[PDB]
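What follows is one structure encoded as structure tokens, with my remarks underneath.
Per chain, numbering begins at 1; letters A, B, ... match sequence-line order. Any value given below was found using the heavy atoms of this structure, including those in side chains, with hydrogens, waters and symmetry copies removed.
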Protein chains: 2
Amino acid sequence: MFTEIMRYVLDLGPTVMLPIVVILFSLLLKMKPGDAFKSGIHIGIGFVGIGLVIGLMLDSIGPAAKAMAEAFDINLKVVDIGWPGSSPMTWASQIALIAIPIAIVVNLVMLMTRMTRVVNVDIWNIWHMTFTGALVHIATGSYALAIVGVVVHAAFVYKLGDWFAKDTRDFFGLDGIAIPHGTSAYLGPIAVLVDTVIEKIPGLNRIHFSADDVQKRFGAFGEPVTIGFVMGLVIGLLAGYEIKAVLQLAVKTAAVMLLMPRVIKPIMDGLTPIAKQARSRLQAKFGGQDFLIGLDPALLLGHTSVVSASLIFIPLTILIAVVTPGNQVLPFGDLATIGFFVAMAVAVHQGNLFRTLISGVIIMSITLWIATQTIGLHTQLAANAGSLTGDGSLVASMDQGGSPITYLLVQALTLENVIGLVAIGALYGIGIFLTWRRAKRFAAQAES
Amino acid sequence: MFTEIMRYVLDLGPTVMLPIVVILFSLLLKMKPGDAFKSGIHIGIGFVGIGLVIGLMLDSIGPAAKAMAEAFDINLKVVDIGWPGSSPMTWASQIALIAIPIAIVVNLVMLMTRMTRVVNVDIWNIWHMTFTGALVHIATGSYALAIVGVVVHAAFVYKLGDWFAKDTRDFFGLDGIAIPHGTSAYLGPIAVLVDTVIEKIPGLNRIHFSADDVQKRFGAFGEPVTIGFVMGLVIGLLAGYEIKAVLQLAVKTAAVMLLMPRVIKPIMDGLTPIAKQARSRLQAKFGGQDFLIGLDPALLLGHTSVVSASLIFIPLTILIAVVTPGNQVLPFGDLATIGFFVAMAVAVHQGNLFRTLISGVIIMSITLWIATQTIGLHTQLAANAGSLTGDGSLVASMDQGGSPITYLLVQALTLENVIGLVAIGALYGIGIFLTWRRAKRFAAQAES
């Protein structure tokens, strides 16, 4: 019974199921049915528009970035299929369906114990937890260890959405919204560690370069739209595109950056009365701070600095992949939405594109090395899901193949690479401790 | 050379070429290059967003409406390919490329003689004039007569955009923008005639029903978004779609209605400083009223009443096609954007949905009868363009096959159907005279 119900709910999508969940929550909050329905349909509309602009990204910058990647003479044989290739592969796994109830049960358990405030409703990003569990299952060979990996990933991402709540509220303006999923949430700790290290270092901490600085320096050509147009021009030129294709891609990138906030605005409009009623009634009933709603990481693309970093980092990601030692993954499928990796890095640095560039370089290097490490597990995952081609080419990805959580869990439960496990674990544990202390300090400051 | 450059500009398309023309106009107005470029890229972004939402319409309500057309047991063998099928067919015509310089020369000649104020820049809708000329060429067999038809259609549509300038400025809020192209512009005279007849008739003129009336009647459920959601539900239910498909389509239609104005807003934001500079300098230099910029009829989809009529008229269009005497065309491809037919009908009636419904029924009946009349010419056009299938099935369309201009010109130059020509010519000439007198009266009132 459970299987087809979960499949139906997943197939409904964020467009339909998420408004249904929001309407149910609003009705449970004793709101008028008209307002509840209006908020629900507004959230559905916002997610439809998000899908439209994300498809525009994947269909315009996607092929352009891939053409740029192949254009440069490279020795990276394995291609990064990205989340467009990882997510269908992950949803075809054995534990794919049970991951949704496992993640929801974990979220509920941590909510009742007041270990988190993130009420995750975006169940279509539980394919990340599913990916972690599937790779653990492939490596160790134990179903119980796969479930343990799913539970650990879910708890970690909920706590990350809790810790980066201040950044989404202040920098991104998504008040009452957490972003626990995506690469941004679990690559944020690396950004926090880099920011702390830079602040410790004299001289480098003084270097500041925000998008507002670009605007003030370049006048009317420093607007976010002009930056997106110029970045699209650069991408098209590097990709070997013709002048017509270059200009069309440039206008499409500028349109992406102008239209992400516009299509994300309906979600905020729908959720604002819901959040107000929640903080009025449920927060008072249960005490503590207001509960956050966990949503898609595509909301982070509303910020213009995030889209600017997304456009800038495509050539930077390819250059990093060439530079990074012991890397065999060529970033192919994740290049279209490479801003997901550095979305939280921008927020941590308050939009400082210098610090953002440093953190993004570190993050991309780490993710590419981790993807190189998990090439074998990802190929086995493709073979299990049936997506492996006849030639048996190696499969690797950066959205989830390069996730530090998955690699750390696999190494901890297998110990196949002691030195790499120690290094990545030390770096990520320091990042986690730093981001937890940072969130605790921000909460203390807000309370005072 | 000329063919190559014309094809290159057409392939550049509204996304790129229109910003280039706008930037050139702004530079000719002695504006700063930064503001000129910002306006141009904003217009390009607006047109990218318009294309995104139009693609959403054609990919969600398109197949749903086609499934509705199949679902009802009908005897209309010939299917309406619509403008998605007519425009590629038209651009493959012999006169397709020369139509652009012919239309631009006609526009310039009428501008210098002060016969119009519409500066048409949307050259990708010159395929309407091309369609008229191609059908005239097929019927009469004379190249000169085809050129005459193209010239007549171009002059007529520029004058229509001039006459419906008040409706675009006031009802749609597109100040300083004319909409001379599309089915809305040349089906507006029928709406004007219907409105005049209704106003003459006592009792019926007192009946008023607007979207605001629905909003006041219902509440949060009278919101335009709720109307779009309900209409999507109805379309999905009638199409035989499953509940998941029904709900996804409903949210997509509501998203269309909420997102069309948002993606149209960049065009207005970009064009406002240009219009201000134009009315400041060029209008004073050349006297008269401010010149209007002719753009895509998709700008008329920003209004929520227009999208509501678009959604409502799909089942109405199918019912009319069944009812209409001597009709053999089943509305298939134009159903997704059937609001283009009544976009100006809404504006003429000040959003009165009862009057809009009457005008739309009359307009759809007329267009379906005309498409039935021009089935043969459209089939010959398909054979000429090579798009005709092997079985030689009849081809007809409603976007341009059913245009009263094309049918009137063909009948005037061929005298194939004397009675039908007389009837349609009398009706359309009365509509043209009424809309010209209406525009003249509005201009006189504004002057006073």
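Nearest heavy-atom pair, A:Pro331 versus A:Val329, reported as atom, atom and distance to 0.1 Å: CD-O, 3.6 Å. For the pair A:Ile430 and A:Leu193, the tightest heavy-atom approach, listed with the atom from each and the gap, is CG2-CD1, 3.7 Å. Residues A:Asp334 and A:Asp399 come closest through the heavy atom pair OD2-N, 2.5 Å. A:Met31 and A:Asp35 get closest at one heavy-atom pair: CE-CB, 4.1 Å. A:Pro19 approaches A:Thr15 most closely through the heavy-atom pair CG-O, 3.2 Å. Here the closest non-hydrogen pair linking A:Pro180 and A:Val157 is CB-O, 3.1 Å.
A distance-only check finds no donor-acceptor pair linking the side chain of A:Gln289 to the backbone of A:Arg117 [under 3.5 Å]. Under a 3.5 Å cut-off, the side chain of A:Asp290 and the backbone N or O of A:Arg279 do not form any donor-acceptor pair. Judged by distance alone, the side chain of A:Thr253 and the main-chain N or O of A:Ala250 form a donor-acceptor pair under 3.5 Å. No donor-acceptor distance shorter than 3.5 angstrom exists from the side chain of B:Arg262 to the backbone of A:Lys265, with no hydrogens or angles considered. Using a distance-only test at 3.5 Å, with no hydrogens or angles considered, a donor-acceptor pair links the side chain of A:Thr168 to the main chain of A:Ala165. Here the side chain of A:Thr356 pairs a donor or acceptor atom with the backbone of A:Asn352 at under 3.5 angstrom. Looking at B:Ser39, its side chain does come within 3.5 Å of a backbone N or O of B:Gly270 through a donor-acceptor pair. Proximity of a side-chain donor or acceptor of A:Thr435 to a complementary backbone N or O of A:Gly431 within less than 3.5 Å is not detected. One N or O on the side chain of A:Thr367 and one on the backbone of A:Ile363 form a donor-acceptor pair closer than 3.5 Å. A:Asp195 places no side-chain N or O within 3.5 Å of a backbone atom of A:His349 that could act as its donor or acceptor partner.
Aromatic rings from A:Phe341 and A:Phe313 are positioned such that their centres are separated by 6.0 Å or more. A centroid separation of 6.0 Å or more is found between the aromatic rings of A:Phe354 and A:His208. The aromatic ring centroids of A:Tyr158 and A:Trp163 lie 6.0 Å or more from each other. You'll find the ring centres of A:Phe156 and A:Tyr428 inside the 6.0 Å limit.
For residues 172-182 of chain A, the pairs satisfying side-chain hydrogen bond (donor to acceptor under 3.5 Å, both in side chains) are A:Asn120-A:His181, with sequence neighbours left out.
Under a cutoff of 6.0 Å and an axis angle of 45°, A:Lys166 and A:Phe442 form a cation-pi pair.
With no hydrogens or angles considered, a side-chain donor-acceptor pair links A:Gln400 and A:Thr406 at under 3.5 Å. Between the side chains of A:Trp83 and A:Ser397, no donor-acceptor pair is found at a separation under 3.5 Å. There is no side-chain donor-acceptor pair under 3.5 Å between A:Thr130 and A:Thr90. Side-chain contact annotation: A:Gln215 with A:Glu223, donor-acceptor N/O pair under 3.5 Å present.
A search for side chain to side chain donor-acceptor pair (under 3.5 Å) contacts involving A:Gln248 returns nothing, not counting sequence neighbours.
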Identify every side-chain donor-acceptor pair in residues 42-63 of chain A under 3.5 Å, counting partners at least two apart or on other chains, and give the distances.
unit_1: A:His42; atom_1: ND1; unit_2: A:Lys38; atom_2: O; d: 3.0
unit_1: A:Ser60; atom_1: OG; unit_2: A:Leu56; atom_2: O; d: 2.6

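Looking only at side-chain heavy atoms (C-beta outward), A:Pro315 and A:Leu238 come within less than 4.5 Å of each other. Within the 4.5 Å cutoff, no side-chain heavy atoms of B:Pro224 are placed close to those of B:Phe229. The closest side-chain heavy-atom distance from A:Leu368 to A:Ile320 is below 4.5 Å.
Between A:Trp436 and A:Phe433, the angle of the ring planes lies from 30° to 60°, which puts this pair in the tilted group.
Of the inter-residue distances, the one linking A:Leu353 atom CG with A:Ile227 atom CD1 reads 8.0 Å to the nearest 0.5 angstrom. Annotation: the span from A:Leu295 atom CG to A:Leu300 atom CG amounts to 10.0 Å, rounded to 0.5 Å.
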So A:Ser403 and A:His128, side-chain hydrogen bond (donor to acceptor under 3.5 Å, both in side chains) or not? Walk me through it.
CA-CA 9 Å; A:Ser403 173; A:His128 295 278; over 6 Å; no
